[PDB]
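Coming up is one lone chain in structure tokens, specifically the form deposited in one PDB entry.
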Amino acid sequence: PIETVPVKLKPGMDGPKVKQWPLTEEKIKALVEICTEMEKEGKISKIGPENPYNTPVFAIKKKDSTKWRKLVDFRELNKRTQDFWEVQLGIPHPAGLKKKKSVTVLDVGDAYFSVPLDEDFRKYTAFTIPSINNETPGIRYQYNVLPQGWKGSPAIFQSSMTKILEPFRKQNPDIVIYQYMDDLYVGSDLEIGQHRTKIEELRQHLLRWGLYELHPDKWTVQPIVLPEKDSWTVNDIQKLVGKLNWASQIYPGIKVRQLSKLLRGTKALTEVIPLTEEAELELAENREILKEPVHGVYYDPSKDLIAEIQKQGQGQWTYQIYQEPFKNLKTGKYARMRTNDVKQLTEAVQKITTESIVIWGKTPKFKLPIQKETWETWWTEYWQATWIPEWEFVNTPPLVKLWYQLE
């Protein structure tokens, strides 16, 4: 608490100009309550139209709580803030945090406020609280302290951060800690119970300054699968030739040449085909290739992480992470038993994002299987994080809907 560090927008970009979206009474009551206090404290100052910039805000109860958490969707500003979350940031990603038995997710943004923000950078941090039924004009605010949600925030409170743990870290050469933005990721292999009470003991190596479950090495990869049948049909073989055809771009060796010649001429769809010798011994082999991992796929921390999702139905959604199309760093399923399609899919992007942070230390840009209007009407009702991944909306072919089918 004193004087501050110079910042700048990526060489050429201008500040954020995003509209505030409508909010529910509850998210607003919460918000003016929160912002009244940060005004009394001097973390946010009140501004007016002369500031051309805006970023959205809503608020989330981080779980089953009465405490509301302000979330400023700095997505745009972060995207526009100068290269230094890679360039001035020191953090290598401790490859082994994903290897641990237990990891706990730690919210610590409310510790960013301690630090003054450049005098000239404040204006970009501007955001507007709505009024319901538009009884008043928007009430505008600006930041005088490192904002939670902004990516410049941990890239500054880092020297301090690297300090704040000097003891607890030294005193624990086998508990690993990672700082991605608002959240702090700490986990150890310790037993289920003495882990919990070792995290709790970090709150104290914390609280003296100020101020949920998740087990990593068990997000099992999900395989690409072929239906075995005692009897095949023209339609069954044509679907088989369809999947393997495609898969043959992710796996080079997959051949379909013997199966495609069982489709010799214009058979009716339900006619049964006696699988021949080479036939059965081509898909028998093909089903072997689908066992082996993809060879030669490596994360580029420079390049962009891309999650991609498909609705399989029955609360089961399949996903790939990948940077070059077809070279998936991972593939998985979010199986839910037996239903809100939208809560489902928003939760699917939180589980995935975490994994991404945990495994690669950044977040994907998602390509979602939902219509913009739909996603946007409802998704903040189920969000629970402090980060927000980029996304964009996709109109998928029903084919890829059908390349990750189980049974």
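From 1 onward, residues are counted along the sequence shown. By rigid core we mean the largest C-alpha set that fits within 1.5 Å across both forms.
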Exercise for the section: Note how many residues of the deposited chain are left out of the model between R338 and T339; the options are none, 1 to 3, 4 to 9, and 10 or more. Expected result: 1 to 3
Practice task
Quick one: classify how much of the deposited chain lacks coordinates between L211 and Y212, choosing none, 1 to 3, 4 to 9, or 10 or more.
Solution key: 10 or more
Practice task
Compare the mean C-alpha B-factor of 314 to 322 with that of 219 to 227 as given in the PDB entry, and name the stretch with the higher value.
Solution key: 219 to 227
Problem - 159 to 167 or 195 to 203, whichever carries the higher mean Cα B-factor - result: 195 to 203
Fill in the blank from the handout: Per the deposited B-factor column, the C-alpha that peaks among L190, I139, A268, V297 belongs to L190
Fill in the blank from the handout: Scanning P389, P397, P22, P16 for peak Cα temperature factor in the entry gives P397
Exercise for the section: Sort the modelled residues of this chain by their C-alpha B factor and say whether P92 lands in the lowest, middle or highest third. Expected result: highest
Problem - Relative C-alpha B-factor of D64, binned into the chain's lowest, middle or highest third - result: highest
Exercise for the section: Going by the recorded CA B-factors, say which third of the chain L146 sits in, lowest, middle or highest. Expected result: middle
Problem - Chain-relative CA temperature factor third for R75 - result: lowest
Handout entry: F127 - which third its CA temperature factor falls in, relative to the rest of the chain
Key = lowest
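Keep in mind that the form deposited in another entry is missing from the display, and what follows is about it.
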Exercise for the section: Can you spot, among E285, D107, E324, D118, the one with a CA shift of 2 Å or more between the shown form and the other one after core superposition? Expected result: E285
Practice task
Superpose the two forms on their rigid core, then report whether the C-alpha of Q384 is displaced by 2 angstroms or more between the shown form and the other one.
Solution key: no
Practice task
Superpose on the rigid core, then tell me if the C-alpha of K170 is displaced by 2 angstroms or more between the shown form and the other one.
Solution key: no
Handout entry: Core-superposed C-alpha of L244 shifting 2 Å or more between the shown form and the other one
Key = yes
Handout entry: Pairwise C-alpha change, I357 versus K401, in that other deposited form against this form - closer or farther, 3 angstroms or more
Key = farther
Handout entry: Relative Cα spacing, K243 and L368, in that other deposited form - shift of 3 Å or more
Key = farther
